[PDB]
Protein chains: 2
Amino acid sequence: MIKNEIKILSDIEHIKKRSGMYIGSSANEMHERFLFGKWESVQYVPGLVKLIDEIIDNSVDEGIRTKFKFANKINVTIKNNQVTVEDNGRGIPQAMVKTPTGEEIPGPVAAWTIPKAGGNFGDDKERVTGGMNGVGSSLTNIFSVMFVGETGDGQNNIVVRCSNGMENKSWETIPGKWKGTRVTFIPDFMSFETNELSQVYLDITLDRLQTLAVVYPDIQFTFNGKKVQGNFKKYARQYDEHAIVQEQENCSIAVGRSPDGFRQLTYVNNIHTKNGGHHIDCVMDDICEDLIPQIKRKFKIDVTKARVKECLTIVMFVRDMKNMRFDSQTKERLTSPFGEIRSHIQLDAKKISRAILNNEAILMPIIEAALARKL
Amino acid sequence: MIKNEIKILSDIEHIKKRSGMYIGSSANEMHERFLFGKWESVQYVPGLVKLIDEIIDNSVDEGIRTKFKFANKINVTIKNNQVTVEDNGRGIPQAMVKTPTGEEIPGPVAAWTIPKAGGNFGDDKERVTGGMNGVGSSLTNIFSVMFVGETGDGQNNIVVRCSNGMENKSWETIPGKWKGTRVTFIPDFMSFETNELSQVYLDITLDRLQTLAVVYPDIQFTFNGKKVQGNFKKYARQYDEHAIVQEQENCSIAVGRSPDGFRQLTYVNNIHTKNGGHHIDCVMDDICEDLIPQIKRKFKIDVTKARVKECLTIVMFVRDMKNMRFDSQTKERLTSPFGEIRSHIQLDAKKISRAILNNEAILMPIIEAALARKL
Ligand SMILES: Nc1ncnc2c1ncn2[C@@H]1O[C@H](COP(=O)(O)OP(=O)(O)NP(=O)(O)O)[C@@H](O)[C@H]1O
Ligand SMILES: Nc1ncnc2c1ncn2[C@@H]1O[C@H](COP(=O)(O)OP(=O)(O)NP(=O)(O)O)[C@@H](O)[C@H]1O
Ligand SMILES: [Mg+2]
Ligand SMILES: [Mg+2]
């Protein structure tokens with residue numbers, strides 16, 4: 001007898017109880033990843049990072065929605081454990097919405113306090129925003145001791161003041177000409193194996209904002225008062241001095257050395273696919289299938305597709321993909337159809353193949369054991 | 001202007017609309033993975049596979065709950081697109097449950113038709129069942145054109161007859177001495193890029209049941225009338241004739257060659273962590289940190305931790321872990337704290353290190369390029 005008693009859970013309850021299917025690990029652990037081009041190994045709690053990224057994602061969504069005519073200044077601030085994200089998008093439409101449970105609640109209130117409530121539930125094939133599930137804001141709110149969202153459309157502002165894991169919710173409206181979005185929160189450090197939003201979280205969010213600045217040059221980000229600049233070839237050279245780049249229509253990619261296994265920083269629209277997934281798998285495949293031809297052809301050697309890739313760092317931004325799909329709320333693994341991906345990425349792997357064959361620093365580790373095993 | 005209109009979605013709606021955060025890809029695609037020890041590359045739609053695995057997981061959960069005194073025969077059948085899973089656990093307690101939306105609904109009805117309803121919402125630190133979220137059954141039901149669950153506790157049976165994505169639900173009860181669980185369903189092939197539960201799905205589910213038979217020798221599985229047998233050393237040798245095994249308290253692990261990058265089949269209780277995650281990362285680390293000592297010590301060579309692992313296949317079952325945690329409903333990535341993992345796996349990496357140094361077939365590819373680069 002382990003009891004098998006059936007119980008039913010509210011959305012908020014379920015978010016609290018199965019938090020890691022919603023935001024990730026609470027534990028303060030050591031992960032390997034990229035910071036400023038360096039494959040370091042650093043200690044953070046992944047869920048805390050997500051709490052920030054949700055609010056950022058939302059602003060960058062609005063920039064996307066309006067082709068950067070709106071939300072082209074995004075101001076991020078991290079000061080004594082308080083995260084502030086301000087943008088100049090159009091604000092959250094203040095119109096009201098009806099929940100099936102009778103109630104009648106202002107637009108932004110539901111956006112921020114009701115899971116399964118957002119503005120990315122349209123025709124999937126046309127959805128270009130990184131946002132889609134309608135939950136990430138409520139996640140930051142549910143895991144915040146204080147959460148305060150301010151939007152205004154140019155007419156009036158609504159403030160939604162939330163405390164203690166969104167069990168205190170209140171909202172007021174006052175007229176105003178301001179038009180944009182501000183969100184401020186303090187994480188609930190009881191759901192996390194830290195008690196401080198210490199310096200590493202500052203490093204990550206800057207690093208994220210640097211990467212967002214190169215995907216999205218029409219947005220001027222600022223972190224803690226300092227504007228974030230961006231030049232893609234400059235960015236890429238942070239990962240390997242001896243890197244090489246190619247930029248297409250819906251694509252910017254860079255290839256460089258790795259000392260210790262395939263590494264990849266890889267973006268799909270405004271989303272960091274830290275676990276890779278289909279897009280990077282497919283382009284590494286199309287890459288390797290011109291390379292191993294030429295390499296076995298230029299040198300008569302056999303090297304494996306794992307050998308090629310266990311020596312590359314890759315950086316790839318895919319812009320403007322419709323209806324992108326993932327296997328988790330954490331959007332860490334692009335899971336869209338291989339065919340539709342390959343339709344968007346117009347990858348000239350031929351190009352990319354010849355330039356990697358003409359870059360000794362990059363080419364040599366691939367074929368090295370193979371050449372030394374030939375004699 | 002892309003419109004930013006806020007909308008609210010029911011649980012079922014959200015499952016339908018964001019299905020891939022719940023079950024995975026609908027697309028009929030080519031994935032690399034293990035079947036019967038062979039790293040083949042085969043074509044399936046991952047979500048369809050999940051629809052089966054949910055119902056299986058549930059029976060194996062009950063076997064776990066009752067230390068295999070119940071649910072030690074589990075009968076799986078796949079015939080003309082109809083999946084049947086029968087077990088002899090205690091049945092789903094027929095008592096009633098109250099939803100916050102007023103209603104009063106029999107235990108098994110909610111289990112199978114209400115998301116966020118199950119019997120794995122107890123004290124997390126004591127939860128040993130692979131089940132935890134209370135949604136997988138409703139997922140099979142939501143993505144089934146016909147779903148029919150039968151349980152009885154020894155007193156009576158309830159039948160819950162569901163059709164067309166769980167928009168037709170009905171249930172009846174009749175007394176009976178039968179005590180166990182039967183679930184039968186036909187997938188809704190409109191949410192998937194196939195129209196047939198063709199032979200590959202048979203191959204996968206047998207392969208899964210073979211793997212479950214070696215983790216759980218106290219359960220006699222049968223697939224389509226044929227009982228599934230199990231001997232761990234026999235299983236392991238399917239992945240590499242020249243494999244090697246070690247079996248501890250909460251651990252069975254096997255190590256063998258790989259021709260093309262780190263491969264791993266890896267189980268945590270009754271769950272296939274196809275994406276690996278923490279447990280395999282941590283034990284590969286503890287493995288490599290005695291190996292690279294001895295290897296640089298037995299041969300004065302430097303090989304990388306990616307080099308070691310890019311040559312291993314690993315098979316690892318971790319049994320009996322409390323409160324295991326993942327980053328998605330698909331339970332594909334064990335995400336529990338590195339410390340708690342290492343507490344459960346009492347890994348004698350020392351042992352495992354010396355035996356891999358004493359197995360030429362396994363040792364030689366690691367150090368090979370390194371030795372040939374030494375002269
Ligand atoms: N900065 C912003 N500018 C404009 N609208 C916003 C902003 N932040 C939130 N919103 C609105 O509030 C809604 C709340 O959605 P949210 O709960 O964050 O999930 P989502 O962004 O829609 N998808 P996801 O975060 O991936 O689960 C959004 O869909 C927008 O309509
Ligand atoms: N074969 C079975 N034997 C006993 N009880 C069962 C069986 N199948 C379902 N149940 C019960 O029905 C509930 C429904 O849960 P379900 O919707 O499948 O999600 P879950 O198994 O609890 N967790 P998860 O599948 O990971 O989301 C279970 O928690 C059990 O209490
Ligand atoms: Mg968001
Ligand atoms: Mg289940």
# chains A, B, ... in the order shown; residues from 1 in each chain; ligands from 1
call {"tool": "residues_near_ligand", "arguments": {"ligand": "ligand 3", "cutoff": "7 Å", "atoms": "only C-alpha atoms and all ligand atoms", "output": "ChimeraX atom specification"}}
result
/A:54-55,57-58,131,135-137
call {"tool": "write_last_selection", "arguments": {"atoms": "N, CA, C and O atoms", "output": "short mmCIF file (atom, residue, chain, number, x, y, z; two decimals), in the first residue's frame"}}
result
data_model
loop_
_atom_site.label_atom_id
_atom_site.label_comp_id
_atom_site.auth_asym_id
_atom_site.auth_seq_id
_atom_site.Cartn_x
_atom_site.Cartn_y
_atom_site.Cartn_z
N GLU A 54 10.89 35.52 -18.94
CA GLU A 54 9.49 35.62 -19.34
C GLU A 54 9.13 37.06 -19.60
O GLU A 54 8.56 37.40 -20.64
N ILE A 55 9.47 37.94 -18.65
CA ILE A 55 9.10 39.33 -18.79
C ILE A 55 9.82 39.97 -19.96
O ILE A 55 9.25 40.78 -20.71
N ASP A 57 10.94 38.36 -22.74
CA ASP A 57 10.30 37.75 -23.91
C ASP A 57 9.08 38.57 -24.31
O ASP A 57 8.89 38.87 -25.49
N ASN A 58 8.27 38.96 -23.31
CA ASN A 58 7.02 39.65 -23.57
C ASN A 58 7.25 40.97 -24.26
O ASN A 58 6.52 41.33 -25.19
N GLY A 131 6.15 34.14 -27.95
CA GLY A 131 5.19 33.82 -26.93
C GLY A 131 4.07 33.06 -27.58
O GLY A 131 3.77 33.29 -28.75
N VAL A 135 1.29 31.80 -20.28
CA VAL A 135 1.50 31.39 -18.90
C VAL A 135 2.74 32.03 -18.28
O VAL A 135 2.81 32.18 -17.06
N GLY A 136 3.71 32.43 -19.09
CA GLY A 136 5.00 32.86 -18.53
C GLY A 136 4.93 34.03 -17.56
O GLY A 136 5.71 34.09 -16.60
N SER A 137 4.04 34.99 -17.81
CA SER A 137 3.88 36.11 -16.88
C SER A 137 3.34 35.65 -15.54
O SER A 137 3.83 36.06 -14.49
#
call {"tool": "interface_residues", "arguments": {"of": "chain B", "to": "chain A", "cutoff": "6 Å", "atoms": "only C-alpha atoms", "output": "compact mmCIF listing (two decimals) with N, CA, C and O atoms, in the first residue's frame"}}
result
# COMPACT_ATOMS: atom_id res chain seq x y z
N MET B 1 1.06 46.41 -37.03
CA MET B 1 -0.05 45.75 -36.34
C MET B 1 -0.07 44.25 -36.65
O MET B 1 -0.54 43.82 -37.70
N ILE B 2 0.49 43.44 -35.74
CA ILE B 2 -0.07 42.13 -35.46
C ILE B 2 -0.92 42.31 -34.22
O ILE B 2 -0.46 42.92 -33.24
N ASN B 4 -2.77 42.02 -30.77
CA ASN B 4 -2.38 41.47 -29.48
C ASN B 4 -3.64 41.37 -28.62
O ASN B 4 -3.81 42.11 -27.64
N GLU B 5 -4.54 40.45 -28.99
CA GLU B 5 -5.83 40.32 -28.32
C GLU B 5 -5.79 39.18 -27.32
O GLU B 5 -5.38 38.07 -27.65
N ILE B 6 -6.22 39.44 -26.11
CA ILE B 6 -6.08 38.51 -25.01
C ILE B 6 -7.27 37.57 -25.00
O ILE B 6 -8.43 38.00 -25.12
N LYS B 7 -6.99 36.28 -24.89
CA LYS B 7 -7.98 35.23 -24.90
C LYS B 7 -7.60 34.25 -23.81
O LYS B 7 -6.44 34.18 -23.41
N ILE B 8 -8.60 33.52 -23.30
CA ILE B 8 -8.46 32.57 -22.20
C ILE B 8 -8.89 31.18 -22.69
O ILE B 8 -9.86 31.05 -23.44
N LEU B 9 -8.18 30.14 -22.24
CA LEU B 9 -8.33 28.81 -22.81
C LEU B 9 -8.59 27.78 -21.71
O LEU B 9 -7.95 27.80 -20.66
N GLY B 20 2.11 20.09 -28.32
CA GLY B 20 3.47 19.60 -28.30
C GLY B 20 4.25 19.90 -27.04
O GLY B 20 5.30 19.30 -26.82
N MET B 21 3.76 20.82 -26.22
CA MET B 21 4.26 21.01 -24.87
C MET B 21 3.72 19.94 -23.93
O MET B 21 4.24 19.78 -22.81
N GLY B 24 4.45 16.18 -27.53
CA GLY B 24 5.53 16.14 -28.51
C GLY B 24 5.06 16.25 -29.96
O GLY B 24 3.91 16.58 -30.27
N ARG B 65 3.39 1.07 -6.78
CA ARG B 65 2.70 1.49 -5.56
C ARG B 65 2.58 0.34 -4.59
O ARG B 65 2.76 0.51 -3.38
N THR B 66 2.34 -0.86 -5.10
CA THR B 66 2.07 -2.03 -4.28
C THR B 66 3.22 -3.03 -4.29
O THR B 66 2.99 -4.22 -4.13
N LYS B 116 -5.07 17.51 -14.52
CA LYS B 116 -4.75 17.95 -13.16
C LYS B 116 -5.56 17.15 -12.13
O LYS B 116 -6.03 17.68 -11.13
N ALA B 117 -5.71 15.84 -12.38
CA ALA B 117 -6.46 14.96 -11.50
C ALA B 117 -5.78 13.61 -11.51
O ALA B 117 -5.80 12.90 -12.53
N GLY B 118 -5.20 13.25 -10.38
CA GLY B 118 -4.63 11.93 -10.27
C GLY B 118 -4.28 11.61 -8.83
O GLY B 118 -4.59 12.37 -7.91
N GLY B 119 -3.59 10.48 -8.67
CA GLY B 119 -3.23 10.00 -7.35
C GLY B 119 -1.75 10.07 -7.04
O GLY B 119 -1.25 9.29 -6.21
N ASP B 260 29.65 6.23 -33.28
CA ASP B 260 29.29 7.59 -33.74
C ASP B 260 28.64 8.41 -32.61
O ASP B 260 27.43 8.67 -32.62
N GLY B 261 29.48 8.83 -31.65
CA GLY B 261 29.09 9.74 -30.58
C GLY B 261 28.45 9.05 -29.38
O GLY B 261 27.91 7.95 -29.46
N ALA B 306 34.96 14.64 -23.31
CA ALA B 306 34.10 14.43 -24.46
C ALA B 306 34.60 13.29 -25.32
O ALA B 306 33.80 12.60 -25.96
N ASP B 327 11.77 18.60 -16.85
CA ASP B 327 11.54 19.92 -17.42
C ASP B 327 10.37 19.96 -18.39
O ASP B 327 10.20 20.96 -19.08
N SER B 328 9.57 18.91 -18.47
CA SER B 328 8.49 18.92 -19.44
C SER B 328 7.52 17.83 -19.07
O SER B 328 7.88 16.89 -18.36
N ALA B 369 43.74 7.78 -30.97
CA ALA B 369 44.31 8.96 -31.60
C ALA B 369 45.40 9.55 -30.72
O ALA B 369 46.46 9.97 -31.22
call {"tool": "atom_distance", "arguments": {"atom1": "atom 26 (O, counted along the ligand's line) of ligand 1", "atom2": "CA of residue 271 in chain A"}}
result
9.6 Å
call {"tool": "residues_around", "arguments": {"residues": "range 359-362 of chain A", "least_positions_apart": "3", "cutoff": "7 Å", "atoms": "only C-alpha atoms", "output": "short mmCIF file (atom, residue, chain, number, x, y, z; two decimals) with C-alpha atoms, in the first residue's frame"}}
result
data_model
loop_
_atom_site.label_atom_id
_atom_site.label_comp_id
_atom_site.auth_asym_id
_atom_site.auth_seq_id
_atom_site.Cartn_x
_atom_site.Cartn_y
_atom_site.Cartn_z
CA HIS A 242 39.14 32.47 -35.82
CA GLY A 256 34.36 28.20 -34.86
CA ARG A 257 36.51 25.76 -32.95
CA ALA A 355 34.74 28.24 -46.31
CA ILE A 356 35.22 25.74 -43.51
CA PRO A 365 41.19 19.18 -35.71
#
call {"tool": "residues_around", "arguments": {"residues": "residue 84 in chain A", "least_positions_apart": "4", "cutoff": "10 Å", "atoms": "only C-alpha atoms", "output": "number ranges by chain"}}
result
A: 52, 55-56, 75-79, 148-149, 182-186, 223-224
call {"tool": "residues_around", "arguments": {"residues": "residue 162 in chain B", "least_positions_apart": "3", "cutoff": "10 Å", "atoms": "only C-alpha atoms", "output": "PyMOL selection string"}}
result
chain B and resi 112-113+141-142+144-149+159+165-171+185
call {"tool": "write_last_selection", "arguments": {"atoms": "N, CA, C and O atoms", "output": "compact mmCIF listing (two decimals), in the first residue's frame"}}
result
# COMPACT_ATOMS: atom_id res chain seq x y z
N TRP B 112 -9.35 10.00 -15.66
CA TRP B 112 -9.22 9.80 -17.10
C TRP B 112 -9.76 10.95 -17.94
O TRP B 112 -9.46 11.00 -19.14
N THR B 113 -10.58 11.85 -17.40
CA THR B 113 -11.16 12.91 -18.23
C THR B 113 -10.89 14.29 -17.69
O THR B 113 -11.30 15.28 -18.31
N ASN B 141 -6.71 10.35 -23.88
CA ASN B 141 -8.14 10.56 -24.11
C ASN B 141 -8.39 11.76 -25.04
O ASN B 141 -9.16 11.66 -25.99
N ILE B 142 -7.76 12.90 -24.77
CA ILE B 142 -8.00 14.04 -25.64
C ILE B 142 -7.55 13.76 -27.07
O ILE B 142 -8.17 14.23 -28.03
N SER B 144 -7.65 10.81 -28.65
CA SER B 144 -8.21 9.51 -29.05
C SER B 144 -9.59 9.71 -29.64
O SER B 144 -10.39 10.48 -29.09
N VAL B 145 -9.89 9.01 -30.73
CA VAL B 145 -11.27 9.06 -31.23
C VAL B 145 -12.17 8.18 -30.39
O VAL B 145 -13.35 8.48 -30.22
N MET B 146 -11.64 7.07 -29.87
CA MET B 146 -12.35 6.24 -28.91
C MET B 146 -11.42 5.93 -27.76
O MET B 146 -10.28 5.51 -27.97
N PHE B 147 -11.92 6.14 -26.54
CA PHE B 147 -11.19 5.84 -25.32
C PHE B 147 -12.15 5.21 -24.34
O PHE B 147 -13.19 5.79 -24.01
N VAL B 148 -11.81 4.02 -23.86
CA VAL B 148 -12.68 3.27 -22.97
C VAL B 148 -11.83 2.69 -21.84
O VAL B 148 -11.02 1.79 -22.07
N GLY B 149 -12.03 3.20 -20.63
CA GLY B 149 -11.32 2.74 -19.45
C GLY B 149 -12.27 1.92 -18.59
O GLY B 149 -13.40 2.33 -18.33
N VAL B 159 -17.08 1.52 -16.08
CA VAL B 159 -16.64 1.73 -17.46
C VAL B 159 -16.81 3.20 -17.80
O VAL B 159 -17.87 3.79 -17.56
N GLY B 165 -12.04 12.88 -29.09
CA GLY B 165 -11.27 13.80 -28.27
C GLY B 165 -11.93 14.14 -26.96
O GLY B 165 -11.91 15.31 -26.53
N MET B 166 -12.55 13.16 -26.31
CA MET B 166 -13.10 13.36 -24.97
C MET B 166 -14.16 14.46 -24.95
O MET B 166 -14.34 15.15 -23.95
N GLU B 167 -14.85 14.66 -26.08
CA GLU B 167 -16.04 15.50 -26.06
C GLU B 167 -17.31 14.69 -25.85
O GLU B 167 -18.36 15.27 -25.56
N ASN B 168 -17.24 13.36 -25.96
CA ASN B 168 -18.30 12.47 -25.51
C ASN B 168 -17.75 11.66 -24.35
O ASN B 168 -16.84 10.86 -24.53
N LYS B 169 -18.30 11.88 -23.16
CA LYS B 169 -17.90 11.14 -21.98
C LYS B 169 -19.16 10.52 -21.37
O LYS B 169 -20.19 11.19 -21.26
N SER B 170 -19.08 9.24 -21.01
CA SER B 170 -20.16 8.60 -20.27
C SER B 170 -19.58 7.47 -19.45
O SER B 170 -18.58 6.85 -19.84
N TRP B 171 -20.21 7.19 -18.31
CA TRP B 171 -19.74 6.13 -17.43
C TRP B 171 -20.89 5.41 -16.75
O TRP B 171 -21.88 6.02 -16.35
N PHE B 185 -7.97 2.25 -26.59
CA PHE B 185 -8.17 3.49 -27.32
C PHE B 185 -7.70 3.33 -28.76
O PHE B 185 -6.91 2.44 -29.11
call {"tool": "select_by_dssp", "arguments": {"residues": "range 13-123 of chain A", "states": "strand (DSSP E or B)", "output": "PyMOL selection string"}}
result
chain A and resi 29-35+38-44+73-79+82-87+96-98+104-106+117-118
call {"tool": "residues_around", "arguments": {"residues": "range 286-289 of chain B", "least_positions_apart": "4", "cutoff": "8 Å", "atoms": "only C-alpha atoms", "output": "ChimeraX atom specification"}}
result
/B:282,293,305,308,349-350,352-353
call {"tool": "atom_distance", "arguments": {"atom1": "CA of residue 125 in chain B", "atom2": "CA of residue 343 in chain B"}}
result
13.6 Å
call {"tool": "atom_distance", "arguments": {"atom1": "CA of residue 36 in chain A", "atom2": "CA of residue 270 in chain A"}}
result
17.4 Å
call {"tool": "residues_around", "arguments": {"residues": "range 202-213 of chain A", "least_positions_apart": "5", "cutoff": "9 Å", "atoms": "only C-alpha atoms", "output": "list in words"}}
result
residues 34, 35, 36, 37, 49, 52, 53, 60, 76, 78, 197, 218, 219, 220, 221, 222, 223, 228, 229, 230, 231, 235, 267, 270, 271 and 272 of chain A
call {"tool": "select_by_dssp", "arguments": {"residues": "range 297-343 of chain B", "states": "alpha helix (DSSP H)", "output": "list in words"}}
result
residues 297, 298, 299, 305, 306, 307, 308, 309, 338, 339, 340, 341, 342 and 343 of chain B
call {"tool": "closest_residue", "arguments": {"among": "A:238, A:346, A:323, A:198", "to": "residue 252 in chain A", "atoms": "only C-alpha atoms"}}
result
A:346
call {"tool": "closest_residue", "arguments": {"among": "B:351, B:278, B:38, B:300", "to": "residue 266 in chain B", "atoms": "only C-alpha atoms"}}
result
B:278
call {"tool": "decode", "arguments": {"residues": "range 98-135 of chain B", "atoms": "C-alpha atoms", "output": "compact mmCIF listing (two decimals), in the first residue's frame"}}
result
# COMPACT_ATOMS: atom_id res chain seq x y z
CA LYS B 98 -15.29 17.07 -5.86
CA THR B 99 -14.11 19.52 -8.32
CA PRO B 100 -14.02 23.20 -7.30
CA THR B 101 -16.56 23.76 -10.15
CA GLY B 102 -19.29 22.17 -8.00
CA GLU B 103 -19.46 18.77 -9.65
CA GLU B 104 -19.24 15.39 -7.95
CA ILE B 105 -17.63 12.80 -10.23
CA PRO B 106 -16.48 9.17 -9.72
CA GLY B 107 -12.81 8.68 -8.97
CA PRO B 108 -11.80 7.02 -12.24
CA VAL B 109 -13.84 9.46 -14.35
CA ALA B 110 -11.75 12.38 -13.13
CA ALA B 111 -8.55 10.38 -13.39
CA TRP B 112 -9.22 9.80 -17.10
CA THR B 113 -11.16 12.91 -18.23
CA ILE B 114 -9.96 15.71 -15.98
CA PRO B 115 -6.48 17.16 -16.44
CA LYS B 116 -4.75 17.95 -13.16
CA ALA B 117 -6.46 14.96 -11.50
CA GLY B 118 -4.63 11.93 -10.27
CA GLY B 119 -3.23 10.00 -7.35
CA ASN B 120 0.38 11.21 -7.48
CA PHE B 121 -0.13 14.57 -5.76
CA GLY B 122 1.19 13.50 -2.35
CA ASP B 123 4.24 14.56 -0.35
CA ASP B 124 6.89 14.93 -3.04
CA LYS B 125 9.84 13.56 -1.08
CA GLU B 126 8.03 10.21 -0.78
CA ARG B 127 6.75 9.94 -4.39
CA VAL B 128 8.28 6.89 -6.06
CA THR B 129 5.86 6.55 -9.02
CA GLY B 130 6.82 7.75 -12.48
CA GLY B 131 3.46 9.47 -12.52
CA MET B 132 3.15 12.89 -10.97
CA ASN B 133 1.41 15.46 -13.10
CA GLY B 134 -2.11 14.05 -13.36
CA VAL B 135 -2.57 14.65 -17.07
